[PDB]
2 protein chains.
Amino acid sequence: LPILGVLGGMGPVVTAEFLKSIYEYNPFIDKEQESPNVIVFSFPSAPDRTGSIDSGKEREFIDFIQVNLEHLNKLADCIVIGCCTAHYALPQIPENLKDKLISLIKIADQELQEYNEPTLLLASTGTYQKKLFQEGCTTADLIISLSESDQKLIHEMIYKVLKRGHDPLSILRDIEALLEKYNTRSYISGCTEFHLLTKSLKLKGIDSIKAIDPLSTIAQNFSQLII
Amino acid sequence: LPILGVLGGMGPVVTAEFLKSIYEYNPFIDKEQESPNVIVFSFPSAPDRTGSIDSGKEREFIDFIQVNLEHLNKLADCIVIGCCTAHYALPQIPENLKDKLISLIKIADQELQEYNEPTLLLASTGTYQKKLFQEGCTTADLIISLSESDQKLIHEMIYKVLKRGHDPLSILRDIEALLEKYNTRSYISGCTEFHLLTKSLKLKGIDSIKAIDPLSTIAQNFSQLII
């Protein structure tokens, strides 16, 4: 039986919501015993990702990621790091600890390739500084980058609303204004906390916005992805 | 930093909801880095608990519990098995694998001691057959037992509604009728899926029912319990 390992806690609110998504998207038919097997390491003590870039302390963060990948390699068959910015550490991690890894950047890339329309990357300044989507996606030409000022506003939404567990729909107007400003109807969840927004839109039946949301995709396609 | 280990997946819907409860009850003040560190083994492939009792296959179930306690003993500082019925396996498990264990039966017992009023045990036939609450609680005299017929109705609620992720408030009328039938205003979540009901009551501000709910208690008192 295949086990998904989740290096989580970045942040904890979205980590818990992702685990919930896994079972919401894979309801069992007859017995509970059919349902996805998942190991979650929800460690919010993980250093601030953008903080680790803005200060000099990338080594500290990379070690955190490496030690926990060592654990999860022994326990799980596939691994996901529940944080986009955190993927910046991967070039420094030995290749053996990334054999089972499913990249959120690549999941986003595959989805955007099918959608094939310009889409607004909603992400932290850290994710933008490290150019994770621009350097990782075959569909980089379809990715619209936020300006520096709008990146800082996304930061506020992430830290003041989403990470603190407040209603994700409270930022919907700010998001719709951004989409209108950048002339698109789609966003990429370039920050995992936008899984929370994506769920809230789906719950309300708001189909006007296309969300390229890697965590929703992983949950939805668990059967096929997790081998 | 103290880590809670959760042997979960019994069932998965309540396991995910419990992890969510942990962060809902412990909102951070300044930084995310303050928040609870938790390892969840959500393995729904765990054999049916009552099924393992009704068939002859307790050994199979005990081994499942033992192998995963071996893992979590190395990783966590405190351990919780997210299933009341599953506690029946503990007498067969070596004493070294239970040093870090926090019993849901004991958490319920401590709470009932403070409340000090008769309370209806909502639990599976398996939990009743094994007499986990009657044999484990100092406050056993305050525990009202469901009749055999009403135990089977609780079974239906658990399997048809709660485990399948349907709205826990859909069984509220049946629960209120039971409380009235047994002449009390309190229940014990003798089955972990009643954490889902407890959350739903709290969300709606229904204060007329007292829920002795071990998972809510563990989430709420994480700081003090998890050492």
Side-chain angles (χ1 to χ4, degrees), chain A residues 3 6 8 15-16 19-20 22-23 28 32-33 35-42, chain B residues 3-25 36-50 52 61-62 64-69 71-73 75-90 93 97-98 100-108 111 122-124 126-127 130 132-133 136 158-159 162-163 165 168 188-199 211-222 225-226:
Chain A
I3 298 169
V6 181
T15 304
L19 186 57
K20 187 157 171 182
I22 287 169
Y23 298 116
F28 65 85
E32 203 154 68
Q33 280 63 35
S35 292
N37 297 264
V38 190
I39 294 174
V40 184
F41 282 19
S42 183
Chain B
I3 298 169
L4 172 57
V6 181
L7 183 43
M10 314 177 252
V13 171
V14 72
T15 304
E17 197 64 57
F18 175 47
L19 186 57
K20 187 157 171 182
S21 301
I22 287 169
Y23 298 116
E24 284 171 353
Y25 271 99
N37 297 264
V38 190
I39 294 174
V40 184
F41 282 19
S42 183
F43 302 152
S45 58
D48 192 299
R49 273 62 62 195
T50 289
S52 76
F61 183 76
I62 293 155
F64 171 86
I65 296 290
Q66 196 171 342
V67 182
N68 292 305
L69 283 182
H71 297 310
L72 286 165
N73 265 257
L75 299 167
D77 302 306
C78 308
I79 297 172
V80 172
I81 298 170
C83 178
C84 291
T85 311
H87 287 71
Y88 95 79
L90 296 180
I93 307 297
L97 304 180
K98 306 183 292 195
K100 302 143 172 287
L101 198 66
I102 292 169
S103 172
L104 301 181
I105 281 70
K106 293 185 201 160
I107 292 292
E111 165 136 64
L122 304 176
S124 66
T127 283
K130 298 287 173 179
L132 300 174
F133 285 88
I158 289 160
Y159 281 87
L162 298 176
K163 284 182 178 289
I188 293 157
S189 297
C191 158
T192 56
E193 275 73 14
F194 289 103
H195 181 61
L196 304 168
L197 179 61
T198 302
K199 288 249 284 197
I212 291 158
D213 186 60
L215 293 175
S216 288
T217 303
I218 291 162
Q220 178 164 12
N221 305 323
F222 192 98
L225 291 177
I226 311 304

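Here is the naming used below: chain letters follow the sequence lines, and residue numbers restart at 1 for every chain.
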With rounding to the nearest 0.5 angstrom, report the [atom1] to [atom2] distance, [X] to [Y].
X        : Y        : atom1 : atom2 : result
B:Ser42  : B:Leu19  : OG    : CG    : 9.5 Å
B:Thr50  : B:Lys130 : OG1   : NZ    : 10.0 Å
B:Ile226 : B:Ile218 : CD1   : CD1   : 7.0 Å
B:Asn221 : B:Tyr25  : CG    : OH    : 9.5 Å
B:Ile93  : B:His87  : CD1   : NE2   : 11.5 Å

Treating [X] as the side-chain partner and [Y] as the backbone partner, does any N or O pair qualify as donor plus acceptor under 3.5 Å?
X        : Y        : value
B:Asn73  : B:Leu97  : yes
B:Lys100 : B:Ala76  : yes
A:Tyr23  : A:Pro36  : yes
B:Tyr88  : B:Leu132 : no

Test side-chain contact (heavy atoms from CB on, under 4.5 Å) applied to B:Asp48 and B:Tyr159, step by step: CA-CA 11 Å; B:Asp48 192 299; B:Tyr159 281 87; 3.0 Å; yes
Can you name the nearest heavy-atom pair linking [X] to [Y], along with the distance?
X        : Y        : answer
B:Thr127 : B:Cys84  : OG1-C, 4.1 Å
B:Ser189 : B:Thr198 : OG-OG1, 3.7 Å
B:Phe61  : B:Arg49  : CE1-CD, 3.3 Å
B:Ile102 : B:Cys78  : CD1-CB, 4.0 Å

Stepwise side-chain contact (heavy atoms from CB on, under 4.5 Å) check, B:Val40 with B:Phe18: CA-CA 10 Å; B:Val40 184; B:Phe18 175 47; over 6 Å; no
Results of salt bridge (charged side-chain N to carboxylate O under 4.0 Å, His left out) for B:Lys199 - residues two or more places apart only: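 B:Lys199 satisfies salt bridge (charged side-chain N to carboxylate O under 4.0 Å, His left out) with B:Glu17, B:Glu24 once adjacent residues are dropped.
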All salt bridge (charged side-chain N to carboxylate O under 4.0 Å, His left out) counterparts of B:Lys98, not counting sequence neighbours: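 Applying salt bridge (charged side-chain N to carboxylate O under 4.0 Å, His left out) to B:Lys98 gives B:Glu95.
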Are [X] and [Y] side-chain neighbours, meaning at least one heavy-atom pair lies under 4.5 Å?
X       : Y       : result
A:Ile39 : B:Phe43 : yes
A:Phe41 : B:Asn37 : no
B:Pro47 : A:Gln33 : no

Side chain to side chain contact (heavy atoms under 4.5 Å, CB included) partner of B:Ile81, the single match among B:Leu104, B:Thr192, B:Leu101: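 For B:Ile81, the side chain to side chain contact (heavy atoms under 4.5 Å, CB included) check succeeds only for B:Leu101.
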Test item: side-chain donor near acceptor, B:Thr85 and B:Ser124, under 3.5 Å: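 Yes - a donor-acceptor pair under 3.5 Å links their side chains.
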Which pairs of donor and acceptor atoms, one on a side chain in residues 3-15 of chain B, lie under 3.5 Å apart (sequence neighbours left out)?
residue, atom, partner, partner atom, Å
B:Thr15, OG1, B:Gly9, N, 2.9
B:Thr15, OG1, B:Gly11, O, 2.6

